[PDB]
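> Residue numbers (the deposited numbering): 1 to 251. Note that the Cβ used here is the ideal one computed from N, Cα and C, for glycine as well.
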């Protein structure tokens with residue numbers, strides 16, 4: 001698609017992140033209103049998830065069961081809520097500072113960009129102790145994405161680059177993006193295509209696996225875009241933070 005679509009969210013303020021499931025539901029962290037909203041597929045009914053105590057929430061990730069994880073950035077914590085429930089669980093991460101992005105794989109491992117500590121932490125599925133990934137030289141990391149092989153990609157926001165670690169590796173790679181400026185979010189698909197909200201340039205870019213020439217996606221009029229999500233059909237959603245809206249492009 002080369003015509004962007006503005007989704008029928010209403011009342012967003014400075015939205016910070018987006019997640020989608022395979023049922024077409026879209027969740028957004030409506031950061032300026034301390035809330036997480038869900039847009040139901042088809043009906044376009046918007047509902048507010050019954051999280052409690054959020055402040056300036058940033059990242060969001062969802063699993064297929066409809067469990068939602070949010071980085072409660074202003075409270076230095078990560079919380080999750082199962083679908084329709086009124087139980088929220090604080091994950092036993094420790095010592096977070098202004099955390100932003102969050103990612104969750106099919107196994108239920110959770111990764112968080114611990115932005116204010118220049119590190120990426122994880123709670124492996126089945127463990128109650130966090131580990132710190134062996135990235136080096138991060139500055140204010142802003143987003144994280146993971147694939148089914150356990151590769152992890154991070155927007156190293158303060159260094160204008162995207163870094164990746166394969167599972168078991170202690171040495172990161174820098175992806176061949178060009179001219180990024182304070183990138184804010186990242187998403188990956190099962191083919192290895194990587195999408196990045198190039199925040200400081202008001203654009204979204206992608207790299208096919210093996211490509212050395214990023215593609216600027218045909219969004220228009222973005223302002224400080226903040227989060228990106230992609231489903232298995234290659235549709236791309238982006239929180240156009242500065243314009244209080246969510247836009248999408250189908251493949």
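Tell me whether residue 174 is buried or exposed, calling it buried when 16 or more other Cβ atoms sit within 10 Å of its Cβ.
Exposed, since its Cβ has fewer than 16 Cβ neighbours within 10 Å.
> Roughly how many angstroms separate the alpha carbons of residue 88 and residue 105, rounded to a whole number?
Using only the alpha carbons, I get a separation of about 19 Å.
> What does the alpha-carbon distance come out to for the pair residue 60 and residue 240?
Distance between the alpha carbons of residue 60 and residue 240: 15 Å.
> Give me the residue from 215, 204, 1 with the minimum Cα distance to residue 222.
Here the closest residue by C-alpha is 204.
> How close, in whole Å, do the beta carbons of residue 218 and residue 249 come, if the pair is a contact with beta carbons under 8 Å?
Correct: roughly 7 Å between the Cβ atoms.
> Just the C-alpha distance for residue 11 and residue 169, rounded to the nearest angstrom, thanks.
Answer to the nearest angstrom: the Cα atoms are 43 Å apart.
> Looking only at C-alpha atoms, which of 28, 6, 8, 22 sits nearest to residue 15?
Ranking 28, 6, 8, 22 by Cα distance to residue 15 puts 28 first.
> Nearest CA to the CA of residue 74: which residue from 65, 66, 56?
Ranking 65, 66, 56 by Cα distance to residue 74 puts 56 first.
> Once DSSP output is grouped into helix, strand and coil, what is the label at residue 116?
Of the three classes helix, strand and coil, the one that applies to residue 116 here is helix, per DSSP.
> Ignoring anything shorter than 3 residues, give me the beta strand (DSSP E) runs that lie fully in the stretch 143–183, in order along the chain.
You should have 143–146, 152–156, 161–165.
> Using 8 Å for Cβ pairs, my map puts residue 162 next to residue 111. What's the rounded Cβ distance?
Residue 162 to residue 111, Cβ: 15 Å. No contact.
> From residue 209 to residue 230, what distance separates their C-alpha atoms?
So the two alpha carbons sit approximately 15 Å from each other.
> Please look up how many angstroms separate the CB atoms of residue 237 and residue 188, rounded, as I've assumed it's under 8 Å.
In fact, because the Cβ distance is near 14 Å, the residues do not count as touching under 8 Å.
> Report the start-end ranges of each alpha helix (DSSP H) in the stretch 31–77 that is 4 residues or longer and not cut off at the edges.
Those alpha helix (DSSP H) runs which fall completely within the stretch 31–77 and span 4+ residues do not exist here.
> Note down, in chain order, each residue of its chain lying with its Cβ closer than 6 Å to the Cβ of residue 103, except the 5 sequence neighbours on either side.
So the qualifying residues of the chain are 61, 111, 144, 145, 146.
> Are residue 101 and residue 142 touching if we call contact CB-CB under 8 Å?
For residue 101 and residue 142, yes; Cβs fall inside 8 Å.
> So the candidates are 98, 180, 43; which of them puts its Cα closest to the Cα of residue 70?
Considering only alpha carbons, the answer is 98.
> Go ahead and label residue 183 buried or exposed: buried means 16 or more other beta carbons lie within 10 angstroms of its beta carbon, across all protein chains shown.
The residue is buried, with at least 16 neighbouring Cβ atoms inside 10 Å.
> Roughly how many whole angstroms lie between the Cα atoms of residue 108 and residue 150?
Taking the straight line joining both Cα atoms gives about 12 Å.
> Taking 7 Å as the line, does the beta carbon of residue 218 fall inside it for any heavy atom of the ligand HEM?
In the structure shown, the ligand HEM is absent, as is every other ligand, since no ligand is present at all.
> Tell me where the beta strand (DSSP E) around residue 217 begins and ends.
Neither: residue 217 is in no beta strand (DSSP E) and is coded neither H nor E.
> Based on DSSP bridge pairs, tell me the residues matched to residue 81.
Paired residue(s): 68, 88.
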